[PDB]
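Undergrad: Chains as they are written, first to last, in this note's numbering: chain Z, 302 to 349; chain G, 3 to 291; chain W, 203 to 469; chain Y, 5 to 149. Pasting a structure here, questions to come.
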Amino acid sequence: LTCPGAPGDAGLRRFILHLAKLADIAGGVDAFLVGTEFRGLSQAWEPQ
Amino acid sequence: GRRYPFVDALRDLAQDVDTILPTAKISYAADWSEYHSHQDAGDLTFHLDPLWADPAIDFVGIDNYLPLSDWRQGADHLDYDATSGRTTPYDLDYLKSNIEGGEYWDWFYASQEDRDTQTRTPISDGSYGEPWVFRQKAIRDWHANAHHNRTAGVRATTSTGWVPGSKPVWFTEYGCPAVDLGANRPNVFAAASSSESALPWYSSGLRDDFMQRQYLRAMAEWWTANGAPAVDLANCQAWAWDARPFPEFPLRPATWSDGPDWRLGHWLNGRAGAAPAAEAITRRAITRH
Amino acid sequence: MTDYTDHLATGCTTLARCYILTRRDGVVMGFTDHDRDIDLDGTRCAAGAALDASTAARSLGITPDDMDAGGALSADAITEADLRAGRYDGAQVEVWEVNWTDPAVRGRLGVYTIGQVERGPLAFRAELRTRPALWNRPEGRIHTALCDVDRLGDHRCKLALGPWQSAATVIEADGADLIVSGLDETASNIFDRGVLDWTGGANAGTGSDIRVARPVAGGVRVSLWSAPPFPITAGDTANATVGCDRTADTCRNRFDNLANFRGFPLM
Amino acid sequence: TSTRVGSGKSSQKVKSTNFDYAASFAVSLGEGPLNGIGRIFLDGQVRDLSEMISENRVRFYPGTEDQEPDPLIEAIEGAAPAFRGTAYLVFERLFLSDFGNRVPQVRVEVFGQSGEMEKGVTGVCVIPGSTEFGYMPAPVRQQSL
């Protein structure tokens with residue numbers, strides 16, 4: 302599962318999608334997770 | 003306005019995963035405080051995710067290491083056996099009662115000094131006619147009632163997770179630490195400078211499998227006790243199991259922790275599962291004797 | 203009896219403890235300590251002579267305690283023939299402490315089982331052993347050779363039961379060798395090692411093991427392992443039971459319970 | 005088996021016969037249902053699993069009270085020895101032959117029914133610690149670094 306495309310894609314989105322791709326290669330998975338505890342990220346102060 | 007970027011990105015990500023696999027159910031595990039509202043100035047708006055409410059995410063989950071009871075109650079905790087007539091140093095009912103009553107809902111510690119003095123301070127609201135709604139403790143309650151946002155302190159009518167019956171809660175992670183005590187800190191996992199490495203404040207050096215027994219099964223019983231088992235009882239995954247460590251027999255269960263893991267280098271009570279002697283004696287008496 | 207403890211503190215307490223006893227038969231005799239009979243919690247306790255002996259032996263089950271209460275024999279409460287029969291033996295007695303001053307509060311001081319009985323011409327003494335002592339007896343769980351079909355109809359044994367069991371009446375009473383009727387010649391020798399529960403009479407379904415069953419004229423003559431307790435009248439209703447030798451071949455021939463044979467014929 | 009003396013006597017004496025007494029020894033550790041059969045060996049803690057799957061996949065019987073089938077050990081006898089509720093491990097026709105007439109006692113580690121807390125729990129995270137090939141069921145033969 303080498304990924305070409307764009308180098309910038311690598312990171313969390315790539316990781317999750319790559320794992321999903323692995324699950325697809327297997328066929329199906331009963332459940333998936335996103336972030337086990339990204340608390341600091343979850344509290345990202347934003348000004349709108 | 004405060005739209006956290008990570009959450010917005012998560013919503014987009016959830017759609018993508020669903021496209022790749024319809025079968026996969028996407029859940030974001032969260033801290034107990036995160037599950038409700040993490041208290042903050044201007045971030046008091048509920049941290050309950052609009053994404054959890056959103057269809058693209060298919061499940062709601064908690065990495066929950068919230069204390070069933072807090073060990074730092076001094077005499078009032080598990081050192082109350084002589085004074086309160088408590089039967090055992092490790093008492094299942096007492097911890098279970100503490101979570102049910104409101105551990106960290108009315109049992110939060112205002113200061114480090116409070117932990118040092120072994121006293122828990124109650125937290126309540128009632129300003130809006132609602133009790134503290136950011137209670138770390140409430141999970142079944144959190145599912146039972148949709149929780150309205152509380153932006154900048156001021157209450158907001160709109161509720162994240164507007165439908166109370168949201169996607170079923172998942173007990174993605176839970177359990178006591180390898181060491182003795184640790185009811186106060188169940189998020190302790192051995193490491194270096196990271197947050198998990200720090201030990202419970204007054205936990206004993208000796209490891210306790212019984213403390214894990216105090217969590218695990220009792221916690222499951224507590225969830226059954228909860229009126230709605232929103233948490234995925236079937237998928238109540240505990241923190242540790244492994245193949246390589248202590249391989250006298252590939253992480254054999256009836257051992258306290260370390261075995262011939264010396265080549266690898268390991269320190270975990272949790273992966274191995276202990277067998278309680280007292281219960282076995284009682285059944286044996288009924289049939290064998 | 204919580205109030206009784208309070209009564210003890212006041213000192214205004216008159217003891218009315220009643221020694222209710224349930225035997226294997228289950229008949230209950232109040233045998234109340236209080237001289238005036240008191241009915242407590244729906245149980246009438248007559249003022250039969252109380253069993254009082256020496257000093258209380260009390261350990262909380264760490265040591266099994268047999269309480270040697272000595273009770274003057276009361277004909278109504280106890281019968282020697284029944285004691286010999288053993289219907290009385292195996293009796294379980296619960297001592298419930300009550301206050302004459304207060305009928306409402308009754309608490310069980312202890313639960314004990316009569317074990318050793320010594321009789322006298324006009325009086326008797328009995329040992330009220332605690333439940334741990336009976337529990338302490340060791341079965342041992344030995345497994346070797348013969349099948350555990352054993353006693354037929356045991357749940358682990360899972361015997362078919364059904365057709366082999368038969369109904370019989372006694373043509374003659376000869377103690378151990380009583381001749382019986384209603385039993386087929388075929389039934390004899392299949393009922394060997396069997397039991398002969400006697401529905402009729404005091405036994406009421408209690409049967410001495412049949413040591414040997416041999417068909418004879420006038421119906422099969424049954425030789426029991428032991429003489430039946432109590433005199434058995436001829437014509438008493440009886441239930442005839444098959445006897446399992448427990449030899450693996452015998453178990454197989456008679457019932458063939460391969461699913462439940464604890465047999466290890468070849469080692 | 006005999007050895008040739010070549011020209012002086014008979015050169016055809018040599019034979020390659022295997023050791024005898026291969027049998028379905030069955031060891032019943034205990035009565036009642038049993039689980040977690042592991043770390044079993046006649047002379048030591050264990051034998052290579054990858055190398056040996058024994059006979060019919062290391063046949064063992066848990067101890068089911070209702071019925072226990074016979075893998076040709078009680079089956080050959082027929083109608084009298086089917087076991088019930090006995091935890092017997094059947095080793096059949098697997099004589100290693102390194103040993104002689106005697107066969108070393110085999111100690112098998114088994115779990116007696118217990119672990120009520122373990123029974124209650126439904127899940128444990130399967131793999132917190134992951135290696136380069138982490139979850140591979142087959143042994144990953146490794147070329148030397």
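Built from N, CA and C at the ideal position, the CB exists for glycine as well.
Using DSSP with H/G/I as helix, E/B as strand and the rest coil, what is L223/W?
TA: Start at 1 with the first residue of the third sequence, and residue 223/W comes out as number 21. Of the three classes helix, strand and coil, the one that applies to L223/W here is strand, per DSSP.
Undergrad: Please classify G328/Z: does DSSP put it in a helix, a strand, or coil?
TA: Counting from one through the first sequence, the residue named residue 328/Z turns up at place 27. Of the three classes helix, strand and coil, the one that applies to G328/Z here is coil, per DSSP.
Undergrad: Which residues of chain W have a Cβ atom closer than 7 Å to the Cβ of residue 1/G, listed in chain order?
TA: Absent from the model: residue 1/G. The displayed extent of chain G is 3 to 291, so no value can be given.
Undergrad: Going by Cα to Cα distance, which pick from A112/G, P52/G, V62/G and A55/G is closest to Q41/G?
TA: Your numbering for residue 41/G matches position 39 in the second sequence. Nearest option by C-alpha distance: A112/G.
Undergrad: To be precise: take each residue of the region 120-143 of chain G, compare its Cβ to all Cβ atoms of chain Z, and keep it if any distance is under 8 Å. Which residues remain?
TA: Within the region 120-143 of chain G, no residue has a Cβ that lies closer than 8 Å to any Cβ of chain Z.
Undergrad: Nearest CA to the CA of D239/W: which residue from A218/W, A255/W, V229/W and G228/W?
TA: Here residue 239/W corresponds to residue number 37 of the third sequence, with the count starting at 1. Among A218/W, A255/W, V229/W and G228/W, the Cα nearest to that of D239/W is on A218/W.
Undergrad: Are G63/G and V165/G touching if we call contact CB-CB under 8 Å?
TA: Along the second sequence, read from residue 1 onward, the residue named residue 63/G stands at position 61. Along the second sequence, read from residue 1 onward, the residue named residue 165/G stands at position 163. The answer is no: Cβ separation not under 8 Å.
Undergrad: Using the rule of at least 16 other Cβ atoms within 10 Å of the residue's Cβ for burial, across every protein chain shown, is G275/G buried or exposed?
TA: In the second sequence, residue 275/G corresponds to position 273, counting from 1. Label assigned to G275/G: buried.
Undergrad: Could you give the C-beta distance for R215/G and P278/G, rounded to a whole number, given that I count them as a contact under 8 Å?
TA: Locating residue 215/G in the second sequence gives position 213, where the first residue counts as 1. Locating residue 278/G in the second sequence gives position 276, where the first residue counts as 1. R215/G to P278/G, Cβ: 6 Å. Contact.
Undergrad: Does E281/G come out as helix, strand or coil in the three-state DSSP assignment?
TA: If you number the second sequence from 1, residue 281/G lands on position 279. Helix.
Undergrad: Which residue's Cα is closest to the Cα of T337/Z: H38/G, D45/G, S29/G and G44/G?
TA: Walking along the first sequence from the start, residue 337/Z turns up at place 36. Taking only the C-alpha atoms, the option nearest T337/Z is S29/G.
Undergrad: Among residues of its own chain, excluding the 5 on either side of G89/Y, which ones have a beta-carbon nearer than 7 Å to its beta-carbon?
TA: The residue you call residue 89/Y lines up with position 85 of the fourth sequence. Closer than 7 Å at Cβ, skipping near neighbours: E35, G36, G67, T68 and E69.
Undergrad: Would you say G63/G faces chain Y, with C-beta separation under 8 Å as the test?
TA: Numbered from 1 along the second sequence, position 61 holds the residue referred to as residue 63/G. Chain Y, which has no Cβ nearer than 8 Å to the Cβ of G63/G, makes this no.
Undergrad: Considering Cα atoms alone, identify which of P132/Y, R97/Y, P73/Y and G40/Y is closest to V114/Y.
TA: For the purposes of this step, residue 114/Y is taken as the residue at position 110 of the fourth sequence. Ranking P132/Y, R97/Y, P73/Y and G40/Y by Cα distance to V114/Y puts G40/Y first.
Undergrad: Using the Cβ count rule (16 or more neighbours within 10 Å means buried), how would you classify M269/W?
TA: Translated into the one-based positions of the third sequence, residue 269/W becomes position 67. Looking at its Cβ environment, which holds 16 or more other Cβ atoms inside 10 Å, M269/W is buried.
Undergrad: According to DSSP, is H209/W part of a helix, a strand, or is it coil?
TA: By 1-based counting over the third sequence, the position of residue 209/W is 7. Correct three-state label for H209/W: helix.
Undergrad: Taking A84/Y as the query, report the chain W residues whose CB atoms sit under 9 Å from its CB, ordered along the chain.
TA: Taking the fourth sequence and counting its residues from 1, the one referred to as residue 84/Y is at position 80. What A84/Y touches in chain W: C349, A450, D451, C453, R454, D458, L460, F463, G465, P467 and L468.
Undergrad: Within a Cβ cutoff of 7 Å, which residues of the same chain sit near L361/W, ignoring the five residues on either side of it in sequence?
TA: The residue labelled residue 361/W in the question sits at position 159 within the third sequence. For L361/W, where only same-chain residues beyond five positions count, the Cβ hits under 7 Å are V351, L354, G355, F457 and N459.
Undergrad: When the Cβ atoms of the region 223-243 of chain G are set against those of the region 148-155 of chain G, are three or more pairs found closer than 8 Å?
TA: Too few Cβ pairs lie closer than 8 Å, so no.
Undergrad: Name the residue from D182/G, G229/G, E198/G and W224/G whose alpha carbon lies nearest to the alpha carbon of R209/G.
TA: For the purposes of this step, residue 209/G is taken as residue 207 along the second sequence, with counting starting at 1. Closest by alpha carbon: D182/G.
Undergrad: What are the boundary residues of the alpha helix (DSSP H) that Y37/G is part of?
TA: As a working mapping, residue 37/G is identified with position 35 in the second sequence. Counting along the chain, the alpha helix (DSSP H) containing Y37/G begins and ends at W34 to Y37.
Undergrad: Rounding to the nearest angstrom, what Cα-Cα distance links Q138/G and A232/G in this structure?
TA: Working through the second sequence from its first residue, we reach residue 138/G at position 136. Working through the second sequence from its first residue, we reach residue 232/G at position 230. C-alpha separation (whole angstroms): 16 Å.
Undergrad: Select from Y82/G, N189/G, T90/G and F212/G the residue whose C-alpha is nearest the C-alpha of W203/G.
TA: Reading the second sequence from its first residue, position 201 is the one you call residue 203/G. For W203/G, the nearest C-alpha among the options comes from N189/G.
Undergrad: Apart from the five residues on each side of it in sequence, which residues of its chain come closer than 7 Å, Cβ to Cβ, to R157/G?
TA: In the second sequence, counting from the first residue as 1, residue 157/G sits at position 155. Closer than 7 Å at Cβ, skipping near neighbours: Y130 and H150.
Undergrad: Using 8 Å as the Cβ pair cut-off and three pairs as the minimum, do the region 428-448 of chain W and the region 332-344 of chain W touch?
TA: The answer is no - the region 332-344 of chain W does not touch the region 428-448 of chain W, with fewer than three Cβ pairs under 8 Å.
Undergrad: Which of helix, strand or coil does DSSP assign to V9/G?
TA: Working through the second sequence from its first residue, we reach residue 9/G at position 7. Correct three-state label for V9/G: helix.
Undergrad: Give me the Cα-Cα distance between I141/G and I101/G, rounded to the nearest whole angstrom.
TA: Working through the second sequence from its first residue, we reach residue 141/G at position 139. Working through the second sequence from its first residue, we reach residue 101/G at position 99. In a straight line, the C-alpha of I141/G is about 11 Å away from that of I101/G.
Undergrad: How would you label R331/W, buried or exposed, when you count the other beta carbons within 10 angstroms and need 16 or more for buried?
TA: The residue labelled residue 331/W in the question sits at position 129 within the third sequence. Under this definition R331/W is a buried residue.
Undergrad: Apart from the five residues just before and just after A58/G, which ones in its own chain have a Cβ nearer than 7 Å to its Cβ?
TA: On the second sequence, position 56 is the one that residue 58/G refers to. Closer than 7 Å at the Cβ level, and outside the excluded window around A58/G, lie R13, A16, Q17 and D20.
Undergrad: State yes or no: is the beta carbon of residue 292/G nearer than 8 Å to at least one beta carbon in chain Y?
TA: Residue coverage of chain G in this structure runs from 3 to 291, which leaves residue 292/G outside it and unanswerable.
Undergrad: Kindly provide the ranges of any beta strand (DSSP E) runs that are 3 or more residues long and lie completely inside the region 302-327 of chain W, ordered along the chain.
TA: Complete beta strand (DSSP E) runs here, min 3: 308-321.
Undergrad: Against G104/G, what residues of chain Z qualify as contacts under a CB-to-CB distance less than 9 Å, listed in chain order?
TA: Reading the second sequence from its first residue, position 102 is the one you call residue 104/G. Here the premise fails: no neighbours, minimum Cβ distance about 22 Å.
Undergrad: Pairs of beta-carbons, one from the region 314-325 of chain W and one from the region 204-217 of chain W, closer than 8 Å: are there three or more?
TA: Result no; under three Cβ-Cβ pairs closer than 8 Å.
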